[PDB]
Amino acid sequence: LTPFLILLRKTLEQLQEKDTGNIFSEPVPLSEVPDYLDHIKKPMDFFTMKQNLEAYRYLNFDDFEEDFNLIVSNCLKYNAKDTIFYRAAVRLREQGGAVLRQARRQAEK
């Protein structure tokens, strides 16, 4: 499934391009944010997702979109509304939605 993996890789880069601050580029570093696991049960970030993609752990679009969504939702859930992080997650949901919709469309032809 390289036709599919070509699409996901491009789609992942497109999503990651929307992260203009590199807020979601690597995991929330748990040593630096020791209460993060108290609120967030399933952390996610673009580096992890790249590893999963390249390790063949995303069979279908849904399992890929799942992780992307965790990135957004974790961030909305952990950070106060009046934070740059929360605002970045609001943006990324809006902007990633379009990328994801077009990519699902491209899959179908």
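The term rigid core refers to the maximal set of C-alpha atoms that superpose within 1.5 Å between the two forms. Start at 1 with the first residue shown and count on from there.
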Which of 25-33 and 75-83 lies farther from this form in 8 other deposited structures of this protein, as RMS of C-alpha positions after a rigid core fit: 25-33
Residue stretch of maximal mean CA temperature factor, 27-35 vs 52-60: 52-60
CA B-factor ranking of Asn22, expressed as a third of its chain: highest
Modelled-residue ranking by C-alpha temperature factor, third containing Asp67: middle
